[PDB]
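Accompanying notes for the structure given below.
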Protein chains: 2
Amino acid sequence: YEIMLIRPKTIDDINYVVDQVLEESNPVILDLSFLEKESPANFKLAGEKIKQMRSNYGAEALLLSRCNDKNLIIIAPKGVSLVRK
Amino acid sequence: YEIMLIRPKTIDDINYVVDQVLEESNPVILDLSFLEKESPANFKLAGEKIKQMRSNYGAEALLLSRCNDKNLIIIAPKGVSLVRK
């Protein structure tokens with residue numbers, strides 16, 4: 001399919017991430033660093049939406065790296081399993 | 001399908017990464033930090049195998065984050081497109 005890479009800057013960008021995972025069943029490599037730096041409130045909202053996707057839609061969300069101006073998480077929809085070796 | 005997460009420590013682990021992308025058509029989120037620190041030669045070999053997968057098998061390989069003890073690259077097989085918004 002497609003794996004989407006997104007660095008959201010607005011609440012609408014967050015809702016686009018949600019739609020990609022839930023409606024399109026595309027994994028998203030999400031960079032939360034802009035929200036974390038510039039809008040604590042929208043950073044918190046993004047975390048709440050990730051919580052909702054995990055709890056209510058069966059998505060996985062795995063921290064990859066939070067370092068040097070990036071805060072990278074992979075969100076995988078139900079049907080694309082993360083497998084760590 | 002499956003997205004594999006692997007931090008190789010040996011040449012055999014590298015060849016397993018290759019097999020996942022080429023034979024199983026699974027994307028791999030690859031952490032090269034152990035090779036980079038502990039074996040420059042095997043780090044270089046991993047780079048050569050990534051080059052071969054891109055050039056000869058149509059794979060994509062996109063740097064995600066090299067920071068604070070991680071060197072993360074996503075390798076996507078032909079048929080799983082990376083899409084950046």
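Identifiers in this document derive from the order of the structure tokens: chains are assigned A, B, ..., residues are numbered from 1 separately in each chain, and ligands are numbered from 1 in order of occurrence.
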
(message) Quick check: residues of chain A within 6 Å of chain B, only C-alpha atoms, returned as a list in words.
(response) residues 1, 2, 3, 4, 5, 6, 67, 80, 81, 82, 83, 84 and 85 of chain A

Limited to C-alpha atoms, could you put the picked residues into a file as a PDB file, in the first residue's frame?
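Result file follows (again.pdb):
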ATOM      1  CA  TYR A   1       0.000   0.000   0.000  1.00  0.00           C
ATOM      2  CA  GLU A   2       1.360   3.401   1.061  1.00  0.00           C
ATOM      3  CA  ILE A   3       3.299   4.500   4.116  1.00  0.00           C
ATOM      4  CA  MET A   4       2.711   8.174   4.823  1.00  0.00           C
ATOM      5  CA  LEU A   5       5.261  10.536   6.332  1.00  0.00           C
ATOM      6  CA  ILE A   6       3.748  13.608   7.986  1.00  0.00           C
ATOM      7  CA  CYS A  67      16.080  13.277  19.312  1.00  0.00           C
ATOM      8  CA  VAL A  80      -0.334  -4.064   9.164  1.00  0.00           C
ATOM      9  CA  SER A  81       1.586  -5.663  12.034  1.00  0.00           C
ATOM     10  CA  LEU A  82       4.805  -4.247  13.468  1.00  0.00           C
ATOM     11  CA  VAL A  83       7.271  -7.072  14.068  1.00  0.00           C
ATOM     12  CA  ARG A  84      10.489  -6.505  15.963  1.00  0.00           C
ATOM     13  CA  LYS A  85      13.397  -8.887  15.562  1.00  0.00           C
TER      14      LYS A  85
END

(request) Taking the DSSP assignment computed from this structure's backbone, write out as a PyMOL selection string all residues of stretch 10-78 of chain A that belong to alpha helix (DSSP H). (result) chain A and resi 11-22+33-38+40-57

(request) Name the residues of chain B that come out as strand (DSSP E) in a backbone DSSP run; write them as a PyMOL selection string. (result) chain B and resi 2-6+28-31+60-67+70-76+81-84

(request) Quote the spacing between atom CA of residue B:58 and atom CA of residue A:75 in Å to one decimal place. (result) 24.6 Å

(message) Need to verify the contact set: residue B:14, 10 Å, only C-alpha atoms, exclusion of same-chain residues closer than 3 positions in sequence. Can you return it as a list in words?
(response)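 What passes the distance filter is residues 6, 7, 8, 9, 10, 11, 17, 18, 19, 20, 30, 32, 35, 42, 43, 45, 46, 47, 49 and 50 of chain B.
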